[PDB]
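Coordinates from structure16.tsv are shown below (TSV, N, CA and C atoms).
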```
chain	number	residue	atom	x	y	z
A	1	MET	N	-10.55	-12.46	-14.41
A	1	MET	CA	-10.21	-11.06	-14.77
A	1	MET	C	-10.45	-10.11	-13.60
A	2	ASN	N	-11.48	-10.40	-12.80
A	2	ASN	CA	-11.82	-9.58	-11.65
A	2	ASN	C	-12.00	-8.12	-12.05
A	3	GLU	N	-11.86	-7.23	-11.07
A	3	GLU	CA	-12.02	-5.80	-11.29
A	3	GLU	C	-11.17	-5.30	-12.46
A	4	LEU	N	-9.84	-5.34	-12.30
A	4	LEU	CA	-8.95	-4.86	-13.34
A	4	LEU	C	-7.73	-5.77	-13.51
A	5	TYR	N	-7.79	-6.96	-12.91
A	5	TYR	CA	-6.70	-7.93	-12.98
A	5	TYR	C	-7.01	-9.09	-12.06
A	6	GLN	N	-6.12	-10.06	-11.99
A	6	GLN	CA	-6.34	-11.22	-11.14
A	6	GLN	C	-5.94	-10.95	-9.70
A	7	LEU	N	-6.95	-10.83	-8.84
A	7	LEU	CA	-6.73	-10.55	-7.43
A	7	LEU	C	-5.94	-11.67	-6.76
A	8	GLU	N	-4.65	-11.44	-6.59
A	8	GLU	CA	-3.77	-12.41	-5.96
A	8	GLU	C	-3.32	-11.89	-4.59
A	9	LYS	N	-2.20	-11.16	-4.55
A	9	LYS	CA	-1.69	-10.60	-3.31
A	9	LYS	C	-1.39	-11.68	-2.26
A	10	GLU	N	-1.62	-12.93	-2.63
A	10	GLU	CA	-1.38	-14.06	-1.73
A	10	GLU	C	-0.75	-15.21	-2.51
A	11	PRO	N	-0.35	-16.32	-1.84
A	11	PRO	CA	0.26	-17.47	-2.51
A	11	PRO	C	-0.42	-17.78	-3.84
A	12	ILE	N	0.37	-17.78	-4.90
A	12	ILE	CA	-0.15	-18.05	-6.23
A	12	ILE	C	-0.03	-19.52	-6.58
A	13	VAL	N	-1.01	-20.02	-7.33
A	13	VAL	CA	-1.03	-21.42	-7.76
A	13	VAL	C	0.30	-21.81	-8.41
A	14	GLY	N	0.94	-20.85	-9.08
A	14	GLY	CA	2.20	-21.12	-9.74
A	14	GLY	C	2.64	-19.99	-10.64
A	15	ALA	N	3.19	-18.93	-10.05
A	15	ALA	CA	3.64	-17.77	-10.80
A	15	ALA	C	5.11	-17.46	-10.56
A	16	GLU	N	5.70	-16.68	-11.48
A	16	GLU	CA	7.10	-16.27	-11.40
A	16	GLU	C	7.38	-15.53	-10.09
A	17	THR	N	8.61	-15.63	-9.59
A	17	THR	CA	8.98	-14.97	-8.34
A	17	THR	C	9.77	-13.70	-8.61
A	18	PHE	N	9.32	-12.61	-7.99
A	18	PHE	CA	9.95	-11.32	-8.17
A	18	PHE	C	10.17	-10.62	-6.82
A	19	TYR	N	11.13	-9.70	-6.79
A	19	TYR	CA	11.44	-8.96	-5.57
A	19	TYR	C	11.20	-7.47	-5.77
A	20	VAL	N	10.86	-6.77	-4.68
A	20	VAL	CA	10.63	-5.34	-4.73
A	20	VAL	C	10.87	-4.69	-3.37
A	21	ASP	N	11.79	-3.73	-3.33
A	21	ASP	CA	12.10	-3.03	-2.09
A	21	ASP	C	12.94	-1.78	-2.35
A	22	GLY	N	12.52	-0.66	-1.77
A	22	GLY	CA	13.23	0.59	-1.94
A	22	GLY	C	13.35	1.36	-0.64
A	23	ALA	N	14.44	2.10	-0.49
A	23	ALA	CA	14.67	2.89	0.72
A	23	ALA	C	14.71	4.37	0.39
A	24	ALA	N	13.72	5.09	0.90
A	24	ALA	CA	13.61	6.52	0.70
A	24	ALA	C	13.12	7.19	1.97
A	25	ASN	N	13.88	8.16	2.46
A	25	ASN	CA	13.51	8.87	3.67
A	25	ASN	C	12.07	9.37	3.60
A	26	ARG	N	11.22	8.79	4.43
A	26	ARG	CA	9.80	9.14	4.47
A	26	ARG	C	9.59	10.59	4.89
A	27	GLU	N	10.24	10.97	5.99
A	27	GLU	CA	10.12	12.31	6.54
A	27	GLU	C	10.32	13.37	5.46
A	28	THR	N	11.00	12.98	4.39
A	28	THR	CA	11.27	13.89	3.29
A	28	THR	C	10.71	13.34	1.98
A	29	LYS	N	10.20	12.11	2.03
A	29	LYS	CA	9.64	11.46	0.85
A	29	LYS	C	10.61	11.54	-0.32
A	30	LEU	N	11.70	10.80	-0.22
A	30	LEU	CA	12.73	10.80	-1.26
A	30	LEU	C	13.78	9.74	-0.96
A	31	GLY	N	14.38	9.19	-2.02
A	31	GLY	CA	15.40	8.18	-1.84
A	31	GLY	C	15.54	7.28	-3.05
A	32	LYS	N	15.76	5.99	-2.79
A	32	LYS	CA	15.92	5.01	-3.86
A	32	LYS	C	14.85	3.93	-3.78
A	33	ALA	N	14.69	3.20	-4.88
A	33	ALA	CA	13.73	2.11	-4.95
A	33	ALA	C	14.01	1.23	-6.16
A	34	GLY	N	14.30	-0.04	-5.92
A	34	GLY	CA	14.59	-0.94	-7.02
A	34	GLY	C	13.95	-2.29	-6.85
A	35	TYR	N	14.39	-3.24	-7.66
A	35	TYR	CA	13.84	-4.59	-7.60
A	35	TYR	C	14.72	-5.58	-8.35
A	36	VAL	N	14.50	-6.86	-8.08
A	36	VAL	CA	15.24	-7.92	-8.75
A	36	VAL	C	14.32	-9.06	-9.13
A	37	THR	N	14.22	-9.31	-10.43
A	37	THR	CA	13.36	-10.38	-10.92
A	37	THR	C	14.13	-11.67	-11.07
A	38	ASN	N	13.39	-12.78	-11.12
A	38	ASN	CA	13.99	-14.10	-11.27
A	38	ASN	C	14.88	-14.18	-12.52
A	39	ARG	N	14.90	-13.10	-13.31
A	39	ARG	CA	15.72	-13.06	-14.52
A	39	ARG	C	17.04	-12.36	-14.23
A	40	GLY	N	17.30	-12.13	-12.95
A	40	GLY	CA	18.51	-11.46	-12.54
A	40	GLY	C	18.55	-10.01	-13.00
A	41	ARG	N	17.45	-9.29	-12.78
A	41	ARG	CA	17.40	-7.88	-13.18
A	41	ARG	C	17.42	-6.98	-11.95
A	42	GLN	N	18.03	-5.80	-12.08
A	42	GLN	CA	18.12	-4.86	-10.96
A	42	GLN	C	17.97	-3.41	-11.42
A	43	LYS	N	16.97	-2.72	-10.86
A	43	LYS	CA	16.74	-1.31	-11.19
A	43	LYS	C	16.65	-0.48	-9.92
A	44	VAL	N	16.58	0.84	-10.08
A	44	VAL	CA	16.48	1.76	-8.96
A	44	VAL	C	15.86	3.09	-9.40
A	45	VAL	N	15.13	3.75	-8.50
A	45	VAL	CA	14.49	5.02	-8.83
A	45	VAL	C	14.41	5.93	-7.61
A	46	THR	N	14.26	7.23	-7.86
A	46	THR	CA	14.16	8.21	-6.78
A	46	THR	C	12.71	8.50	-6.43
A	47	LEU	N	12.43	8.64	-5.14
A	47	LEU	CA	11.08	8.92	-4.67
A	47	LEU	C	10.83	10.41	-4.52
A	48	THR	N	9.60	10.83	-4.83
A	48	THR	CA	9.22	12.23	-4.73
A	48	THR	C	7.80	12.36	-4.17
A	49	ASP	N	7.70	12.89	-2.96
A	49	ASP	CA	6.41	13.07	-2.29
A	49	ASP	C	5.76	11.72	-2.00
A	50	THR	N	6.51	10.64	-2.22
A	50	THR	CA	6.00	9.29	-1.97
A	50	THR	C	6.30	8.85	-0.54
A	51	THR	N	5.30	8.31	0.13
A	51	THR	CA	5.46	7.84	1.51
A	51	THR	C	6.43	6.67	1.56
A	52	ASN	N	6.85	6.29	2.76
A	52	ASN	CA	7.78	5.18	2.92
A	52	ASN	C	7.28	3.95	2.16
A	53	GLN	N	6.03	3.59	2.41
A	53	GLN	CA	5.43	2.45	1.74
A	53	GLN	C	5.29	2.72	0.25
A	54	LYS	N	5.11	3.99	-0.10
A	54	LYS	CA	4.99	4.37	-1.50
A	54	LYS	C	6.34	4.22	-2.18
A	55	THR	N	7.42	4.33	-1.41
A	55	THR	CA	8.76	4.16	-1.96
A	55	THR	C	8.86	2.75	-2.49
A	56	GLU	N	8.23	1.84	-1.77
A	56	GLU	CA	8.19	0.44	-2.15
A	56	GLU	C	7.13	0.25	-3.22
A	57	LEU	N	6.15	1.16	-3.22
A	57	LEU	CA	5.07	1.13	-4.20
A	57	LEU	C	5.63	1.47	-5.57
A	58	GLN	N	6.47	2.50	-5.62
A	58	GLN	CA	7.10	2.90	-6.86
A	58	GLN	C	7.96	1.75	-7.35
A	59	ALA	N	8.77	1.22	-6.45
A	59	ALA	CA	9.61	0.08	-6.76
A	59	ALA	C	8.73	-1.08	-7.20
A	60	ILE	N	7.55	-1.18	-6.58
A	60	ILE	CA	6.59	-2.23	-6.92
A	60	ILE	C	6.32	-2.20	-8.41
A	61	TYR	N	6.13	-1.00	-8.94
A	61	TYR	CA	5.90	-0.81	-10.36
A	61	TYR	C	7.03	-1.44	-11.16
A	62	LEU	N	8.23	-1.45	-10.58
A	62	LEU	CA	9.40	-2.03	-11.25
A	62	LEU	C	9.25	-3.53	-11.42
A	63	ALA	N	8.99	-4.23	-10.31
A	63	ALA	CA	8.82	-5.68	-10.35
A	63	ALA	C	7.62	-6.04	-11.21
A	64	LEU	N	6.70	-5.09	-11.34
A	64	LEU	CA	5.50	-5.28	-12.15
A	64	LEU	C	5.78	-4.96	-13.61
A	65	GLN	N	6.84	-4.20	-13.85
A	65	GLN	CA	7.21	-3.80	-15.20
A	65	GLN	C	7.70	-4.99	-16.03
A	66	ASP	N	8.66	-5.73	-15.49
A	66	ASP	CA	9.21	-6.88	-16.19
A	66	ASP	C	8.61	-8.19	-15.68
A	67	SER	N	7.57	-8.07	-14.86
A	67	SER	CA	6.90	-9.24	-14.30
A	67	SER	C	6.45	-10.21	-15.39
A	68	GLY	N	5.61	-9.72	-16.30
A	68	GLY	CA	5.11	-10.55	-17.37
A	68	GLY	C	3.64	-10.85	-17.21
A	69	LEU	N	3.34	-12.07	-16.79
A	69	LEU	CA	1.98	-12.49	-16.58
A	69	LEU	C	1.67	-12.51	-15.10
A	70	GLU	N	1.99	-13.63	-14.47
A	70	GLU	CA	1.77	-13.80	-13.04
A	70	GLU	C	3.09	-13.93	-12.32
A	71	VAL	N	3.35	-13.02	-11.39
A	71	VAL	CA	4.58	-13.05	-10.64
A	71	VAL	C	4.32	-12.89	-9.15
A	72	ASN	N	5.38	-13.05	-8.37
A	72	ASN	CA	5.31	-12.90	-6.94
A	72	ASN	C	5.97	-11.58	-6.57
A	73	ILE	N	5.17	-10.60	-6.21
A	73	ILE	CA	5.71	-9.30	-5.87
A	73	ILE	C	5.89	-9.15	-4.36
A	74	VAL	N	7.13	-9.33	-3.95
A	74	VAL	CA	7.50	-9.22	-2.54
A	74	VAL	C	7.94	-7.80	-2.24
A	75	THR	N	7.11	-7.06	-1.51
A	75	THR	CA	7.44	-5.68	-1.20
A	75	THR	C	7.05	-5.32	0.22
A	76	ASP	N	7.94	-4.63	0.93
A	76	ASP	CA	7.62	-4.23	2.28
A	76	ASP	C	6.84	-2.93	2.24
A	77	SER	N	5.52	-3.05	2.33
A	77	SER	CA	4.65	-1.89	2.31
A	77	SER	C	3.25	-2.26	2.79
A	78	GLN	N	2.88	-1.82	3.97
A	78	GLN	CA	1.56	-2.12	4.50
A	78	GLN	C	0.52	-1.20	3.87
A	79	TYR	N	1.00	-0.17	3.16
A	79	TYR	CA	0.10	0.77	2.49
A	79	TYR	C	-0.36	0.15	1.19
A	80	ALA	N	0.59	-0.30	0.38
A	80	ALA	CA	0.26	-0.98	-0.86
A	80	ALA	C	-0.60	-2.17	-0.50
A	81	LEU	N	-0.22	-2.80	0.61
A	81	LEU	CA	-0.94	-3.93	1.15
A	81	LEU	C	-2.43	-3.60	1.22
A	82	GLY	N	-2.73	-2.37	1.62
A	82	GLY	CA	-4.10	-1.92	1.72
A	82	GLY	C	-4.70	-1.47	0.40
A	83	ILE	N	-3.96	-0.64	-0.35
A	83	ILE	CA	-4.46	-0.13	-1.63
A	83	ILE	C	-4.16	-1.08	-2.79
A	84	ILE	N	-2.88	-1.35	-3.03
A	84	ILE	CA	-2.46	-2.23	-4.12
A	84	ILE	C	-3.22	-3.55	-4.11
A	85	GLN	N	-3.72	-3.95	-2.95
A	85	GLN	CA	-4.49	-5.18	-2.82
A	85	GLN	C	-5.95	-4.91	-3.15
A	86	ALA	N	-6.38	-3.68	-2.87
A	86	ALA	CA	-7.75	-3.26	-3.12
A	86	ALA	C	-7.90	-2.65	-4.51
A	87	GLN	N	-7.36	-3.35	-5.52
A	87	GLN	CA	-7.45	-2.88	-6.90
A	87	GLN	C	-7.43	-1.36	-6.93
A	88	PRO	N	-6.28	-0.76	-6.62
A	88	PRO	CA	-6.15	0.69	-6.58
A	88	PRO	C	-5.96	1.28	-7.97
A	89	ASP	N	-6.57	0.63	-8.96
A	89	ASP	CA	-6.47	1.08	-10.35
A	89	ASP	C	-6.83	2.55	-10.48
A	90	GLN	N	-7.54	3.06	-9.48
A	90	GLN	CA	-7.97	4.45	-9.49
A	90	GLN	C	-8.41	4.89	-8.09
A	91	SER	N	-7.96	4.16	-7.08
A	91	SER	CA	-8.33	4.47	-5.70
A	91	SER	C	-7.13	4.89	-4.85
A	92	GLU	N	-7.38	5.80	-3.91
A	92	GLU	CA	-6.36	6.29	-2.99
A	92	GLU	C	-5.07	6.72	-3.69
A	93	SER	N	-3.93	6.25	-3.16
A	93	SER	CA	-2.61	6.59	-3.69
A	93	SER	C	-2.60	6.62	-5.22
A	94	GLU	N	-1.80	7.54	-5.76
A	94	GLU	CA	-1.68	7.70	-7.20
A	94	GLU	C	-0.69	6.70	-7.79
A	95	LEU	N	0.28	6.31	-6.97
A	95	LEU	CA	1.30	5.36	-7.40
A	95	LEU	C	0.67	4.03	-7.77
A	96	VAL	N	-0.07	3.46	-6.83
A	96	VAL	CA	-0.73	2.19	-7.04
A	96	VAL	C	-1.54	2.21	-8.32
A	97	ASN	N	-2.02	3.39	-8.70
A	97	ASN	CA	-2.80	3.54	-9.92
A	97	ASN	C	-1.97	3.08	-11.11
A	98	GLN	N	-0.79	3.66	-11.25
A	98	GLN	CA	0.13	3.32	-12.33
A	98	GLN	C	0.54	1.85	-12.24
A	99	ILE	N	0.71	1.39	-11.01
A	99	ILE	CA	1.11	0.01	-10.75
A	99	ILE	C	0.04	-0.98	-11.22
A	100	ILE	N	-1.22	-0.62	-11.01
A	100	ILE	CA	-2.32	-1.48	-11.40
A	100	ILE	C	-2.51	-1.51	-12.91
A	101	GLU	N	-2.51	-0.34	-13.53
A	101	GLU	CA	-2.68	-0.26	-14.98
A	101	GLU	C	-1.77	-1.28	-15.66
A	102	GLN	N	-0.55	-1.40	-15.14
A	102	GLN	CA	0.40	-2.36	-15.67
A	102	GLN	C	-0.03	-3.77	-15.30
A	103	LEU	N	-0.62	-3.89	-14.11
A	103	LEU	CA	-1.13	-5.17	-13.62
A	103	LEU	C	-2.33	-5.61	-14.46
A	104	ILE	N	-2.98	-4.63	-15.08
A	104	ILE	CA	-4.15	-4.90	-15.92
A	104	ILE	C	-3.74	-5.66	-17.17
A	105	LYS	N	-2.67	-5.21	-17.80
A	105	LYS	CA	-2.18	-5.85	-19.02
A	105	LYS	C	-1.44	-7.15	-18.71
A	106	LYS	N	-1.56	-7.65	-17.48
A	106	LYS	CA	-0.89	-8.90	-17.11
A	106	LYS	C	-1.83	-9.83	-16.35
A	107	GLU	N	-1.27	-10.83	-15.68
A	107	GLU	CA	-2.07	-11.79	-14.94
A	107	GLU	C	-2.25	-11.39	-13.47
A	108	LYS	N	-1.25	-11.67	-12.63
A	108	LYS	CA	-1.37	-11.34	-11.21
A	108	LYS	C	-0.01	-11.25	-10.51
A	109	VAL	N	0.06	-10.41	-9.49
A	109	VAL	CA	1.27	-10.26	-8.70
A	109	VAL	C	0.96	-10.47	-7.22
A	110	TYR	N	1.67	-11.40	-6.60
A	110	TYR	CA	1.46	-11.69	-5.20
A	110	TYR	C	2.21	-10.67	-4.35
A	111	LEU	N	1.47	-9.73	-3.78
A	111	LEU	CA	2.07	-8.68	-2.96
A	111	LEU	C	1.95	-9.01	-1.49
A	112	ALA	N	3.09	-9.09	-0.81
A	112	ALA	CA	3.08	-9.41	0.61
A	112	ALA	C	4.10	-8.62	1.42
A	113	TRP	N	3.74	-8.38	2.69
A	113	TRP	CA	4.60	-7.67	3.62
A	113	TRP	C	4.23	-8.02	5.07
A	114	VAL	N	5.25	-8.33	5.86
A	114	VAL	CA	5.06	-8.67	7.27
A	114	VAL	C	5.80	-7.67	8.15
A	115	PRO	N	5.19	-7.24	9.28
A	115	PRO	CA	5.80	-6.27	10.19
A	115	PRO	C	7.30	-6.47	10.37
A	116	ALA	N	8.07	-5.51	9.85
A	116	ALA	CA	9.53	-5.53	9.92
A	116	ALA	C	10.12	-4.45	9.01
A	117	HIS	N	11.13	-4.80	8.22
A	117	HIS	CA	11.75	-3.86	7.29
A	117	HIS	C	12.87	-4.53	6.50
A	118	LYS	N	13.13	-5.80	6.79
A	118	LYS	CA	14.18	-6.55	6.12
A	118	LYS	C	13.67	-7.89	5.61
A	119	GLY	N	12.41	-7.93	5.17
A	119	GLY	CA	11.84	-9.17	4.68
A	119	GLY	C	11.38	-9.08	3.24
A	120	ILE	N	12.31	-9.24	2.30
A	120	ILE	CA	11.99	-9.19	0.88
A	120	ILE	C	12.58	-10.39	0.14
A	121	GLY	N	12.63	-10.30	-1.19
A	121	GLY	CA	13.18	-11.38	-1.99
A	121	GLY	C	14.62	-11.70	-1.63
A	122	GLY	N	15.55	-10.99	-2.25
A	122	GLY	CA	16.96	-11.21	-1.98
A	122	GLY	C	17.58	-10.09	-1.18
A	123	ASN	N	17.82	-10.34	0.11
A	123	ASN	CA	18.41	-9.34	0.99
A	123	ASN	C	19.69	-9.86	1.62
A	124	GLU	N	19.63	-11.08	2.16
A	124	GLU	CA	20.78	-11.71	2.80
A	124	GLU	C	21.24	-10.92	4.03
A	125	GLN	N	20.30	-10.65	4.93
A	125	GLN	CA	20.59	-9.92	6.16
A	125	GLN	C	21.34	-8.62	5.89
A	126	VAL	N	21.02	-7.97	4.77
A	126	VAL	CA	21.68	-6.72	4.41
A	126	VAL	C	20.93	-6.02	3.28
A	127	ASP	N	20.77	-4.70	3.42
A	127	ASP	CA	20.07	-3.91	2.41
A	127	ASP	C	21.06	-3.25	1.45
A	128	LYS	N	21.77	-2.24	1.94
A	128	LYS	CA	22.74	-1.53	1.13
A	128	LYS	C	23.71	-0.74	2.01
A	129	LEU	N	24.04	-1.31	3.17
A	129	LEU	CA	24.95	-0.67	4.12
A	129	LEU	C	24.46	0.73	4.48
A	130	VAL	N	23.49	0.78	5.39
A	130	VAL	CA	22.94	2.06	5.83
A	130	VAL	C	23.94	2.84	6.67
A	131	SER	N	24.51	3.88	6.07
A	131	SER	CA	25.49	4.71	6.76
A	131	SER	C	24.89	6.08	7.08
A	132	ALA	N	23.83	6.09	7.89
A	132	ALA	CA	23.16	7.32	8.27
A	132	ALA	C	22.64	8.07	7.05
A	133	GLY	N	22.41	7.33	5.97
A	133	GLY	CA	21.91	7.94	4.75
A	133	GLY	C	20.50	8.48	4.90
A	134	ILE	N	20.12	9.38	4.00
A	134	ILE	CA	18.79	9.97	4.03
A	134	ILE	C	17.82	9.15	3.18
A	135	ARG	N	17.75	7.86	3.47
A	135	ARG	CA	16.87	6.95	2.75
A	135	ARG	C	16.24	5.93	3.69
A	136	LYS	N	15.99	6.35	4.93
A	136	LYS	CA	15.40	5.48	5.93
A	136	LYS	C	13.92	5.25	5.65
A	137	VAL	N	13.44	4.06	6.00
A	137	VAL	CA	12.03	3.73	5.79
A	137	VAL	C	11.25	3.84	7.10
A	138	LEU	N	10.19	4.65	7.08
A	138	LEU	CA	9.36	4.84	8.26
A	138	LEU	C	8.47	3.63	8.51
```
Using structure tokens, write down the structure that the file contains.
Amino acid sequence: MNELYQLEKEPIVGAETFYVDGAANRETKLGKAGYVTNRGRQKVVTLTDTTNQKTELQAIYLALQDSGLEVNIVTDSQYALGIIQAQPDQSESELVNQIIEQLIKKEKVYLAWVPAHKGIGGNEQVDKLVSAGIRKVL
């Protein structure tokens, strides 16, 4: 049970695989954020005052919404990496707070991110055709 859920954030013994990634202009803290679960689900949301990593944090809540018990939350965010991993049930960022509460009523989500911007679940060397849109990730 740990603090408020099963501290995973790393390779899980055997949990469902989920994706999480959103693009929202950091400089303005706004844009889109969605996810795709192994059940073939796809959602999207707008960011408000949320940092680049928080854009993925909000989206993180998505993969955590239909996650279930134990899933693999693949999200590009070194911030969540720091907070979302540190049981942010009530620490630092406010987003991770909501994300954890949901993580509480479940098992565990493997949250990972490696220096880049195109390393998530299903991308296929393409995000959403960036045409100078105002949804760049810092």
Legend entry - Secondary structure check, strand (DSSP E) residues of segment 60-124 of chain A, as JSON, numbers by chain: {"A": [70, 71, 72, 73, 74, 75, 108, 109]}
Inset, instruction - Would you work out the distance separating atom N of residue 8 of chain A from atom CA of residue 26 of chain A, expressed in Å to one decimal? - result: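 Atom CA of residue 26 of chain A lies 27.5 Å from atom N of residue 8 of chain A.
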Legend entry - Nearest to residue 107 of chain A by atom-to-atom distance, counting only C-alpha atoms, from A:61, A:18, A:79, A:5: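 Ranked by minimum distance to residue 107 of chain A, first place goes to A:5.
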Inset, instruction - Compile the contact shell of residue 122 of chain A as JSON, numbers by chain: residues with an atom at most 12 Å away, counting only C-alpha atoms, same-chain residues fewer than 6 positions apart removed. - result: {"A": [17, 18, 19, 20, 21, 34, 35, 36, 37, 38, 40, 41, 42, 74, 75, 128]}
Write to file, as a compact mmCIF listing (two decimals), keeping the file's coordinate frame, the residues of the selection just made, with N, CA and C atoms.
```txt
# COMPACT_ATOMS: atom_id res chain seq x y z
N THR A 17 8.61 -15.63 -9.59
CA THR A 17 8.98 -14.97 -8.34
C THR A 17 9.77 -13.70 -8.61
N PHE A 18 9.32 -12.61 -7.99
CA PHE A 18 9.95 -11.32 -8.17
C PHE A 18 10.17 -10.62 -6.82
N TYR A 19 11.13 -9.70 -6.79
CA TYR A 19 11.44 -8.96 -5.57
C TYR A 19 11.20 -7.47 -5.77
N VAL A 20 10.86 -6.77 -4.68
CA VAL A 20 10.63 -5.34 -4.73
C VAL A 20 10.87 -4.69 -3.37
N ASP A 21 11.79 -3.73 -3.33
CA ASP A 21 12.10 -3.03 -2.09
C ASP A 21 12.94 -1.78 -2.35
N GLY A 34 14.30 -0.04 -5.92
CA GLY A 34 14.59 -0.94 -7.02
C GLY A 34 13.95 -2.29 -6.85
N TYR A 35 14.39 -3.24 -7.66
CA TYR A 35 13.84 -4.59 -7.60
C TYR A 35 14.72 -5.58 -8.35
N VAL A 36 14.50 -6.86 -8.08
CA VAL A 36 15.24 -7.92 -8.75
C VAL A 36 14.32 -9.06 -9.13
N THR A 37 14.22 -9.31 -10.43
CA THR A 37 13.36 -10.38 -10.92
C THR A 37 14.13 -11.67 -11.07
N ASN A 38 13.39 -12.78 -11.12
CA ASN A 38 13.99 -14.10 -11.27
C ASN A 38 14.88 -14.18 -12.52
N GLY A 40 17.30 -12.13 -12.95
CA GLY A 40 18.51 -11.46 -12.54
C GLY A 40 18.55 -10.01 -13.00
N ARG A 41 17.45 -9.29 -12.78
CA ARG A 41 17.40 -7.88 -13.18
C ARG A 41 17.42 -6.98 -11.95
N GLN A 42 18.03 -5.80 -12.08
CA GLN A 42 18.12 -4.86 -10.96
C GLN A 42 17.97 -3.41 -11.42
N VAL A 74 7.13 -9.33 -3.95
CA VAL A 74 7.50 -9.22 -2.54
C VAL A 74 7.94 -7.80 -2.24
N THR A 75 7.11 -7.06 -1.51
CA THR A 75 7.44 -5.68 -1.20
C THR A 75 7.05 -5.32 0.22
N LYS A 128 21.77 -2.24 1.94
CA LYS A 128 22.74 -1.53 1.13
C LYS A 128 23.71 -0.74 2.01
```
Legend entry - In chain A, DSSP alpha helix (DSSP H) residues written as a list in words: residues 52, 53, 54, 55, 56, 57, 58, 59, 60, 61, 62, 63, 64, 65, 78, 79, 80, 81, 82, 95, 96, 97, 98, 99, 100, 101, 102, 103 and 104 of chain A
Inset, instruction - Find the residues around segment 87-90 of chain A up to 6.5 Å (all atoms listed in the file counted), leave out those fewer than 6 positions away in its own chain, and share them as a list in words. - result: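 Counting only the stated atoms, we get residues 4, 96, 97, 98, 100 and 101 of chain A.
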Inset, instruction - One decimal, Å: what's the distance from atom N of residue 65 of chain A over to atom C of residue 52 of chain A, could you say? - result: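 Pair atom N of residue 65 of chain A / atom C of residue 52 of chain A returns 18.0 Å.
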Inset, instruction - Would you please work out which residue, of A:130, A:112, A:44, A:138, is nearest to residue 9 of chain A when using all atoms listed in the file? - result: A:112
Inset, instruction - Select, from A:6, A:67, A:117, A:108, the residue with the minimum atom-to-atom distance to residue 137 of chain A, counting only N, CA and C atoms. - result: A:117
Let me have the centre and edge lengths in Å, one decimal, of the box along x, y and z around every listed atom of segment 78-91 of chain A with 6 Å of margin on each side, as lines of an AutoDock Vina configuration file.
```
center_x = -2.8
center_y = -0.1
center_z = -3.0
size_x = 23.3
size_y = 22.1
size_z = 27.0
```
